file model22.pdb (PDB, C-alpha atoms)
ATOM      1  CA  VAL I   1       0.000   0.000   0.000  1.00  0.00           C
ATOM      2  CA  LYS I   2       1.580   3.234  -1.193  1.00  0.00           C
ATOM      3  CA  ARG I   3       0.398   6.430   0.446  1.00  0.00           C
ATOM      4  CA  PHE I   4       0.612  10.120  -0.382  1.00  0.00           C
ATOM      5  CA  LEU I   5       0.776  12.662   2.424  1.00  0.00           C
ATOM      6  CA  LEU I   6      -1.239  15.700   1.426  1.00  0.00           C
ATOM      7  CA  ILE I   7      -0.513  18.845   3.403  1.00  0.00           C
ATOM      8  CA  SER I   8      -3.425  21.237   2.923  1.00  0.00           C
ATOM      9  CA  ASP I   9      -2.010  24.743   3.371  1.00  0.00           C
ATOM     10  CA  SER I  10       1.264  25.496   5.117  1.00  0.00           C
ATOM     11  CA  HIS I  11       2.745  28.922   5.830  1.00  0.00           C
ATOM     12  CA  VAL I  12       5.993  28.344   7.701  1.00  0.00           C
ATOM     13  CA  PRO I  13       7.284  30.421   9.147  1.00  0.00           C
ATOM     14  CA  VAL I  14       5.536  33.473   7.620  1.00  0.00           C
ATOM     15  CA  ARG I  15       3.229  34.370  10.515  1.00  0.00           C
ATOM     16  CA  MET I  16       2.121  30.954  11.710  1.00  0.00           C
ATOM     17  CA  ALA I  17       5.068  28.635  12.459  1.00  0.00           C
ATOM     18  CA  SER I  18       2.633  26.565  14.541  1.00  0.00           C
ATOM     19  CA  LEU I  19       3.031  23.449  12.415  1.00  0.00           C
ATOM     20  CA  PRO I  20       3.360  20.136  14.306  1.00  0.00           C
ATOM     21  CA  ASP I  21       6.679  18.776  13.031  1.00  0.00           C
ATOM     22  CA  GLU I  22       5.549  15.285  14.029  1.00  0.00           C
ATOM     23  CA  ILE I  23       3.955  14.723  10.628  1.00  0.00           C
ATOM     24  CA  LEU I  24       7.020  16.138   8.923  1.00  0.00           C
ATOM     25  CA  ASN I  25       9.071  13.510  10.762  1.00  0.00           C
ATOM     26  CA  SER I  26       6.782  10.807   9.411  1.00  0.00           C
ATOM     27  CA  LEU I  27       7.673  11.452   5.746  1.00  0.00           C
ATOM     28  CA  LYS I  28       9.672   8.229   6.086  1.00  0.00           C
ATOM     29  CA  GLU I  29       6.396   6.347   5.760  1.00  0.00           C
ATOM     30  CA  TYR I  30       5.210   8.400   2.815  1.00  0.00           C
ATOM     31  CA  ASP I  31       6.679   7.403  -0.533  1.00  0.00           C
ATOM     32  CA  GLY I  32       5.037  10.515  -1.901  1.00  0.00           C
ATOM     33  CA  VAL I  33       4.434  13.782  -0.098  1.00  0.00           C
ATOM     34  CA  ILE I  34       2.026  16.211  -1.724  1.00  0.00           C
ATOM     35  CA  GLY I  35       2.383  19.849  -0.811  1.00  0.00           C
ATOM     36  CA  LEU I  36      -0.440  22.219  -1.648  1.00  0.00           C
ATOM     37  CA  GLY I  37       0.880  24.438   1.097  1.00  0.00           C
ATOM     38  CA  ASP I  38       4.638  24.858   1.004  1.00  0.00           C
ATOM     39  CA  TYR I  39       7.426  25.751   3.389  1.00  0.00           C
ATOM     40  CA  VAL I  40       8.428  29.255   2.427  1.00  0.00           C
ATOM     41  CA  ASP I  41      12.123  28.805   3.213  1.00  0.00           C
ATOM     42  CA  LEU I  42      14.081  27.588   0.202  1.00  0.00           C
ATOM     43  CA  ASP I  43      16.385  25.920   2.724  1.00  0.00           C
ATOM     44  CA  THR I  44      13.420  24.033   4.146  1.00  0.00           C
ATOM     45  CA  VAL I  45      12.353  23.027   0.626  1.00  0.00           C
ATOM     46  CA  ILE I  46      15.601  21.070   0.326  1.00  0.00           C
ATOM     47  CA  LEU I  47      14.903  19.743   3.813  1.00  0.00           C
ATOM     48  CA  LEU I  48      11.536  18.569   2.478  1.00  0.00           C
ATOM     49  CA  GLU I  49      13.370  16.670  -0.230  1.00  0.00           C
ATOM     50  CA  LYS I  50      15.509  15.314   2.605  1.00  0.00           C
ATOM     51  CA  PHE I  51      12.704  14.019   4.838  1.00  0.00           C
ATOM     52  CA  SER I  52      10.376  12.734   2.118  1.00  0.00           C
ATOM     53  CA  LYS I  53      13.092  12.127  -0.487  1.00  0.00           C
ATOM     54  CA  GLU I  54      10.293  12.593  -3.032  1.00  0.00           C
ATOM     55  CA  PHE I  55       7.494  15.139  -2.955  1.00  0.00           C
ATOM     56  CA  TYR I  56       5.029  16.636  -5.405  1.00  0.00           C
ATOM     57  CA  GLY I  57       4.256  20.260  -4.738  1.00  0.00           C
ATOM     58  CA  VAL I  58       1.942  22.865  -6.187  1.00  0.00           C
ATOM     59  CA  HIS I  59       2.894  26.438  -5.433  1.00  0.00           C
ATOM     60  CA  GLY I  60      -0.083  28.716  -5.180  1.00  0.00           C
ATOM     61  CA  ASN I  61       0.956  30.433  -1.995  1.00  0.00           C
ATOM     62  CA  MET I  62       1.566  34.172  -1.571  1.00  0.00           C
ATOM     63  CA  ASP I  63       5.173  33.789  -0.443  1.00  0.00           C
ATOM     64  CA  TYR I  64       8.642  33.388  -1.946  1.00  0.00           C
ATOM     65  CA  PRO I  65       8.780  32.696  -5.723  1.00  0.00           C
ATOM     66  CA  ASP I  66      12.123  30.977  -5.130  1.00  0.00           C
ATOM     67  CA  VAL I  67      10.185  27.930  -3.970  1.00  0.00           C
ATOM     68  CA  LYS I  68       8.252  27.938  -7.261  1.00  0.00           C
ATOM     69  CA  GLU I  69      11.285  26.527  -9.104  1.00  0.00           C
ATOM     70  CA  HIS I  70      10.965  23.326  -7.069  1.00  0.00           C
ATOM     71  CA  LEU I  71       7.198  23.137  -7.324  1.00  0.00           C
ATOM     72  CA  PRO I  72       5.297  24.791 -10.222  1.00  0.00           C
ATOM     73  CA  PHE I  73       2.127  26.887  -9.987  1.00  0.00           C
ATOM     74  CA  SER I  74       0.047  23.881 -10.996  1.00  0.00           C
ATOM     75  CA  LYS I  75       0.794  20.161 -11.214  1.00  0.00           C
ATOM     76  CA  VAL I  76      -1.044  17.056 -12.388  1.00  0.00           C
ATOM     77  CA  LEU I  77      -0.276  13.544 -11.186  1.00  0.00           C
ATOM     78  CA  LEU I  78      -1.054  10.295 -12.940  1.00  0.00           C
ATOM     79  CA  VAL I  79      -1.737   7.824 -10.172  1.00  0.00           C
ATOM     80  CA  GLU I  80      -2.827   4.386 -11.401  1.00  0.00           C
ATOM     81  CA  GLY I  81      -5.264   5.881 -13.879  1.00  0.00           C
ATOM     82  CA  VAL I  82      -6.458   8.754 -11.729  1.00  0.00           C
ATOM     83  CA  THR I  83      -5.416  12.116 -13.146  1.00  0.00           C
ATOM     84  CA  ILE I  84      -4.933  14.336 -10.102  1.00  0.00           C
ATOM     85  CA  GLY I  85      -5.027  18.002 -11.010  1.00  0.00           C
ATOM     86  CA  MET I  86      -3.692  19.968  -8.077  1.00  0.00           C
ATOM     87  CA  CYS I  87      -3.999  23.742  -7.814  1.00  0.00           C
ATOM     88  CA  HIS I  88      -3.672  25.844  -4.651  1.00  0.00           C
ATOM     89  CA  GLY I  89      -5.324  29.252  -4.593  1.00  0.00           C
ATOM     90  CA  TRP I  90      -8.844  30.639  -4.748  1.00  0.00           C
ATOM     91  CA  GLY I  91     -11.873  30.881  -6.992  1.00  0.00           C
ATOM     92  CA  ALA I  92     -15.623  31.369  -7.080  1.00  0.00           C
ATOM     93  CA  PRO I  93     -17.894  28.295  -7.565  1.00  0.00           C
ATOM     94  CA  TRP I  94     -18.569  29.527 -11.099  1.00  0.00           C
ATOM     95  CA  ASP I  95     -15.012  30.535 -11.999  1.00  0.00           C
ATOM     96  CA  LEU I  96     -13.408  27.489 -10.369  1.00  0.00           C
ATOM     97  CA  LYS I  97     -14.573  24.789 -12.773  1.00  0.00           C
ATOM     98  CA  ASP I  98     -14.114  26.969 -15.856  1.00  0.00           C
ATOM     99  CA  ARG I  99     -10.737  28.354 -14.794  1.00  0.00           C
ATOM    100  CA  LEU I 100      -9.365  24.931 -13.901  1.00  0.00           C
ATOM    101  CA  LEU I 101     -10.516  23.554 -17.256  1.00  0.00           C
ATOM    102  CA  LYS I 102      -8.744  26.576 -18.721  1.00  0.00           C
ATOM    103  CA  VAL I 103      -5.490  25.999 -16.829  1.00  0.00           C
ATOM    104  CA  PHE I 104      -5.726  22.291 -17.545  1.00  0.00           C
ATOM    105  CA  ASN I 105      -6.588  21.877 -21.234  1.00  0.00           C
ATOM    106  CA  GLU I 106      -7.285  18.219 -20.612  1.00  0.00           C
ATOM    107  CA  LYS I 107      -9.805  17.684 -17.841  1.00  0.00           C
ATOM    108  CA  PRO I 108      -8.375  16.144 -14.657  1.00  0.00           C
ATOM    109  CA  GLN I 109     -10.317  13.313 -13.046  1.00  0.00           C
ATOM    110  CA  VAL I 110      -9.774  14.519  -9.499  1.00  0.00           C
ATOM    111  CA  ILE I 111      -8.730  18.042  -8.552  1.00  0.00           C
ATOM    112  CA  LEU I 112      -7.154  19.085  -5.255  1.00  0.00           C
ATOM    113  CA  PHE I 113      -7.802  22.651  -4.138  1.00  0.00           C
ATOM    114  CA  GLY I 114      -7.127  24.037  -0.683  1.00  0.00           C
ATOM    115  CA  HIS I 115      -9.054  27.051   0.590  1.00  0.00           C
ATOM    116  CA  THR I 116     -12.038  25.797   2.557  1.00  0.00           C
ATOM    117  CA  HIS I 117     -11.409  24.017   5.853  1.00  0.00           C
ATOM    118  CA  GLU I 118     -14.647  22.086   5.577  1.00  0.00           C
ATOM    119  CA  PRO I 119     -14.030  18.989   3.427  1.00  0.00           C
ATOM    120  CA  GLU I 120     -16.717  18.060   0.916  1.00  0.00           C
ATOM    121  CA  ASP I 121     -16.729  15.737  -2.074  1.00  0.00           C
ATOM    122  CA  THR I 122     -17.725  18.151  -4.812  1.00  0.00           C
ATOM    123  CA  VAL I 123     -18.506  17.110  -8.374  1.00  0.00           C
ATOM    124  CA  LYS I 124     -18.653  20.106 -10.719  1.00  0.00           C
ATOM    125  CA  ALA I 125     -18.909  19.935 -14.532  1.00  0.00           C
ATOM    126  CA  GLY I 126     -18.184  16.217 -14.282  1.00  0.00           C
ATOM    127  CA  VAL I 127     -14.922  16.763 -12.435  1.00  0.00           C
ATOM    128  CA  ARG I 128     -14.359  15.517  -8.890  1.00  0.00           C
ATOM    129  CA  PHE I 129     -12.948  18.257  -6.676  1.00  0.00           C
ATOM    130  CA  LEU I 130     -11.434  17.360  -3.319  1.00  0.00           C
ATOM    131  CA  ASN I 131     -10.860  20.109  -0.783  1.00  0.00           C
ATOM    132  CA  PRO I 132      -8.637  19.628   2.284  1.00  0.00           C
ATOM    133  CA  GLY I 133      -8.950  21.899   5.318  1.00  0.00           C
ATOM    134  CA  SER I 134      -6.070  23.891   6.791  1.00  0.00           C
ATOM    135  CA  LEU I 135      -2.818  23.443   8.708  1.00  0.00           C
ATOM    136  CA  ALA I 136      -3.498  24.802  12.200  1.00  0.00           C
ATOM    137  CA  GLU I 137      -7.014  23.345  12.180  1.00  0.00           C
ATOM    138  CA  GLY I 138      -5.741  19.794  12.574  1.00  0.00           C
ATOM    139  CA  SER I 139      -6.745  18.568   9.141  1.00  0.00           C
ATOM    140  CA  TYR I 140      -4.252  16.638   7.012  1.00  0.00           C
ATOM    141  CA  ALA I 141      -5.074  14.354   4.098  1.00  0.00           C
ATOM    142  CA  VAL I 142      -3.689  10.879   3.604  1.00  0.00           C
ATOM    143  CA  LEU I 143      -4.124   9.380   0.159  1.00  0.00           C
ATOM    144  CA  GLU I 144      -3.862   5.633   0.309  1.00  0.00           C
ATOM    145  CA  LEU I 145      -3.448   3.524  -2.805  1.00  0.00           C
ATOM    146  CA  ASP I 146      -5.146   0.160  -2.804  1.00  0.00           C
ATOM    147  CA  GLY I 147      -6.574  -1.799  -5.720  1.00  0.00           C
ATOM    148  CA  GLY I 148      -5.510   1.047  -7.982  1.00  0.00           C
ATOM    149  CA  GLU I 149      -7.669   3.675  -6.327  1.00  0.00           C
ATOM    150  CA  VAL I 150      -6.680   7.013  -4.831  1.00  0.00           C
ATOM    151  CA  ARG I 151      -8.502   7.076  -1.506  1.00  0.00           C
ATOM    152  CA  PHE I 152      -8.839  10.409   0.265  1.00  0.00           C
ATOM    153  CA  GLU I 153      -8.839  10.321   4.047  1.00  0.00           C
ATOM    154  CA  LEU I 154      -8.682  13.694   5.751  1.00  0.00           C
ATOM    155  CA  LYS I 155      -7.449  12.568   9.145  1.00  0.00           C
ATOM    156  CA  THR I 156      -7.846  14.776  12.186  1.00  0.00           C
ATOM    157  CA  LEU I 157      -5.295  15.546  14.875  1.00  0.00           C
TER     158      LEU I 157
END
call {"tool": "encode", "arguments": {"input": "model22.pdb", "output": "structure tokens"}}
result
Amino acid sequence: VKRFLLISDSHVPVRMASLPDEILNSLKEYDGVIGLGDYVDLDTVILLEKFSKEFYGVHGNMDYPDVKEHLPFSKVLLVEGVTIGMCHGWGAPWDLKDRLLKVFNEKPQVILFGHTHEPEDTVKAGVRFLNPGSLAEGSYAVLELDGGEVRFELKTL
């Protein structure tokens, strides 16, 4: 069972810094760490590549652009058939679906967007949008791969 550690929205240090490093220490058990919210220190970005030794990041945070050379503004993953279109930012219910189908010329099967801290399985325009909560609200997402399915479990702390 392979498992992706999805971190909803991280701003460290910035003006939060209150991120439980316990999960960061557990990257050993995650053969794929997904970062929708990044660590804003370029130094710590390399440290991320040190702990996880393989991470997939999407930089849509309002911090240092230096980090954007390690993780692009938008990224899609191909996980056992499931096209995961990940994009961190904001958007209205109307704009969201249309904008994401604009950014991604080919429609993603499942899209990850972090902004709301209340998780709901939302199907818009025929696309499945998954929304993880926030950092300091004790909401991280663990994607577990079994039978060739990306299974989203937002686990609480």
call {"tool": "resolve_selection", "arguments": {"input": "model22.pdb", "expression": "the PyMOL selection byres ((chain I and resi 127) around 7)", "output": "list in words"}}
result
residues 108, 109, 110, 123, 124, 125, 126, 128 and 129 of chain I
call {"tool": "closest_residue", "arguments": {"input": "model22.pdb", "among": "I:42, I:18, I:3, I:76", "to": "residue 105 of chain I", "atoms": "only C-alpha atoms"}}
result
I:76
call {"tool": "resolve_selection", "arguments": {"input": "model22.pdb", "expression": "the PyMOL selection byres ((chain I and resi 84-100) around 10)", "output": "MDAnalysis selection string"}}
result
chainID I and resid 8:9 34:37 56:62 72:79 81:83 101:116 123:131 150
call {"tool": "closest_residue", "arguments": {"input": "model22.pdb", "among": "I:27, I:40, I:145, I:1", "to": "residue 14 of chain I", "atoms": "all atoms listed in the file"}}
result
I:40
call {"tool": "residues_near_point", "arguments": {"input": "model22.pdb", "point": "(12.2, 28.3, -1.7)", "cutoff": "8 Å", "atoms": "only C-alpha atoms", "output": "PyMOL selection string"}}
result
chain I and resi 39-45+64-70
call {"tool": "write_last_selection", "arguments": {"input": "model22.pdb", "atoms": "C-alpha atoms", "output": "mmCIF file, in the coordinates of the input"}}
result
data_model
loop_
_atom_site.group_PDB
_atom_site.id
_atom_site.type_symbol
_atom_site.label_atom_id
_atom_site.label_comp_id
_atom_site.auth_asym_id
_atom_site.auth_seq_id
_atom_site.Cartn_x
_atom_site.Cartn_y
_atom_site.Cartn_z
ATOM 1 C CA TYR I 39 7.426 25.751 3.389
ATOM 2 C CA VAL I 40 8.428 29.255 2.427
ATOM 3 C CA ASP I 41 12.123 28.805 3.213
ATOM 4 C CA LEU I 42 14.081 27.588 0.202
ATOM 5 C CA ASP I 43 16.385 25.920 2.724
ATOM 6 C CA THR I 44 13.420 24.033 4.146
ATOM 7 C CA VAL I 45 12.353 23.027 0.626
ATOM 8 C CA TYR I 64 8.642 33.388 -1.946
ATOM 9 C CA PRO I 65 8.780 32.696 -5.723
ATOM 10 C CA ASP I 66 12.123 30.977 -5.130
ATOM 11 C CA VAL I 67 10.185 27.930 -3.970
ATOM 12 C CA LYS I 68 8.252 27.938 -7.261
ATOM 13 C CA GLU I 69 11.285 26.527 -9.104
ATOM 14 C CA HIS I 70 10.965 23.326 -7.069
#
call {"tool": "residues_around", "arguments": {"input": "model22.pdb", "residues": "residue 26 of chain I", "least_positions_apart": "5", "cutoff": "12 Å", "atoms": "all atoms listed in the file", "output": "list in words"}}
result
residues 3, 4, 5, 20, 21, 31, 32, 33, 48, 50, 51, 52, 53 and 142 of chain I
call {"tool": "closest_residue", "arguments": {"input": "model22.pdb", "among": "I:15, I:49, I:80, I:25", "to": "residue 147 of chain I", "atoms": "all atoms listed in the file"}}
result
I:80
